[PDB]
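Novice:
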Amino acid sequence: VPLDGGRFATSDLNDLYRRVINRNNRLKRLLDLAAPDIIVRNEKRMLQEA
Amino acid sequence: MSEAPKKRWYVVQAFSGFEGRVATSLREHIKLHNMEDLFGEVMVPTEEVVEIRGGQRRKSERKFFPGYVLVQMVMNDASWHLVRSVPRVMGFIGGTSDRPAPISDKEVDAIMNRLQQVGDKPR
Amino acid sequence: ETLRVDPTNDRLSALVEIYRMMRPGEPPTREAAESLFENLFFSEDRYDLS
DNA sequence: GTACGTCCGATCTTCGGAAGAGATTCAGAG
DNA sequence: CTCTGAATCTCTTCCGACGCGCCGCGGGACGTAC
RNA sequence: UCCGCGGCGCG
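Protein chains in written order, with the entry's author numbering: chain D, 253 to 302; chain G, 1 to 123; chain C, 349 to 398.
#1: Would you mind working out which of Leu32/G, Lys7/G, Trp9/G sits nearest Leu82/G, comparing C-alpha positions?
#2: According to the neighbour-count rule (16 or more other Cβ atoms, all chains shown, within 10 Å of its Cβ), is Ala286/D buried or exposed?
#3: Using C-beta distances below 6 Å, list every residue in its chain close to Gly94/G, excluding the 5 sequence neighbours before and after it, in chain order.
#4: Examine chain C for any beta-carbon lying closer than 8 Å to the beta-carbon of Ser97/G, and answer yes or no.
#5: Looking at the C-beta of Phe15/G, does it have a partner C-beta in chain D at a distance below 8 Å?
#6: Any beta-carbon of chain C closer than 8 Å to the one on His29/G?
#7: Would you tell me roughly how many angstroms separate the C-alpha atoms of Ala110/G and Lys296/D, rounded to the nearest one?
#8: Identify the continuous beta strand (DSSP E) that holds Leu70/G and give its terminal residues.
#9: Could you please tell me which residues of the region 253-274 of chain D, in chain order, have their CB closer than 9 Å to any CB of chain G?
#10: Look up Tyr10/G in the DSSP assignment and give the residues it is bridged to.
#11: If we define contact as Cβ-Cβ less than 8 Å, is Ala287/D a contact residue for chain G?
#12: In this structure, what does DSSP give as the bridge partners for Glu48/G?
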């Protein structure tokens with residue numbers, strides 16, 4: 253929903269979904285580069301928490 | 001030091017956009033605390049793909065993996081406290097909390113021979 | 349009996365226990381424990397009674 | 001002074017009331 | 001001494017009226033170009 | 001522009 257002015261009144265669902273899909277994108281972009289196992293494990297845990 | 005181990009790179013995370021700032025802060029902490037033997041070098045991966053058009057021009061700096069820096073420190077308590085003391089840095093990324101987890105030597109070789117080819121198509 | 353239940357027997361043991369209790373999950377150090385304890389109830393900056 | 005891309009470190013104080021799950025314990029017997 | 005074992009203590013969750021009327025603030029920070 | 005938060009008030 254847009255509010256009075258040049259800004260937008262966003263809902264929490266948009267922010268949560270954006271965070272989740274960004275985390276998934278980073279997950280995808282790290283796997284193909286043979287990233288260190290510790291870092292991929294940590295970011296997998298952080299995606300799980302998200 | 002007291003032994004002859006490989007002070008291999010260790011994973012430390014920072015806040016995005018401050019990786020160079022965190023590296024400089026660590027370097028100046030090492031300089032002022034006068035404890036330089038326990039530490040080696042701070043290295044952050046980066047890559048350079050140059051494009052002559054498309055908005056951003058003549059340079060494009062990215063990271064192999066963001067929000068993580070590598071430290072040449074060694075297992076002890078003084079260095080652990082020193083790294084914890086720097087701002088904008090949370091706990092280590094390893095196994096158990098008190099003692100972090102190192103990186104495999106072969107995979108360290110993989111990361112370093114990936115790093116040595118960054119100087120491809122120079123000039 | 350309050351002292352009898354207590355397993356600590358030295359100032360170092362008490363400092364280690366309080367350091368581990370205040371912030372769990374970190375290697376305890378006697379200097380670190382002393383610094384943490386002195387900064388909790390005996391420092392003008394973070395503690396000040398009116 | 002004004003668009004714009006990326007992001008997400010100062011560590012919480014003051015209620016019963018019940019219901020339920022899990023850790024503890026000592027009670028007692030073989 | 002040792003094994004069950006039923007009872008007890010401790011830790012975690014969900015719950016706490018229902019219709020209005022009025023007013024004010026709301027993604028903020030933060031560096032990075034331009 | 002229809003949403004959220006907070007505050008005050010009436011039954």
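Where a beta carbon is used, it is the ideal one built from N, C-alpha and C, also for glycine.
Specialist: In short, the structure shows the following:
#1: Taking the second sequence and counting its residues from 1, one reaches residue 82/G at position 82. Minimum Cα distance to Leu82/G is reached at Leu32/G.
#2: Here residue 286/D refers to the residue found at position 34 when the first sequence is read from its first residue. So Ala286/D counts as exposed.
#3: The residue given as residue 94/G occupies position 94 in the second sequence. Result list for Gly94/G: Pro100, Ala101, in chain order.
#4: As a position in the second sequence, residue 97/G is number 97, starting the count at 1. Judged by the 8 Å Cβ criterion, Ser97/G is in contact with chain C.
#5: Here the question's residue 15/G lines up with position 15 in the second sequence. No, its Cβ sits nowhere closer than 8 Å to a Cβ of chain D.
#6: As a first step, residue 29/G must be located in the second sequence, where it is residue number 29. Judged by the 8 Å Cβ criterion, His29/G is not in contact with chain C.
#7: What you label residue 110/G is simply residue 110 of the second sequence in a count that begins at 1. What you label residue 296/D is simply residue 44 of the first sequence in a count that begins at 1. So the alpha carbons of these two residues sit roughly 22 Å apart.
#8: Here residue 70/G refers to the residue found at position 70 of the second sequence. Segment 69-71, the beta strand (DSSP E) holding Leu70/G.
#9: none
#10: As a working mapping, residue 10/G is identified with position 10 in the second sequence. According to DSSP, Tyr10/G bridges with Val71/G.
#11: Here residue 287/D refers to the residue found at position 35 when the first sequence is read from its first residue. At least one chain G Cβ lies under 8 Å of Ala287/D.
#12: For the purposes of this step, residue 48/G is taken as residue 48 along the second sequence, with counting starting at 1. Beta-bridge pairing links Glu48/G to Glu61/G.
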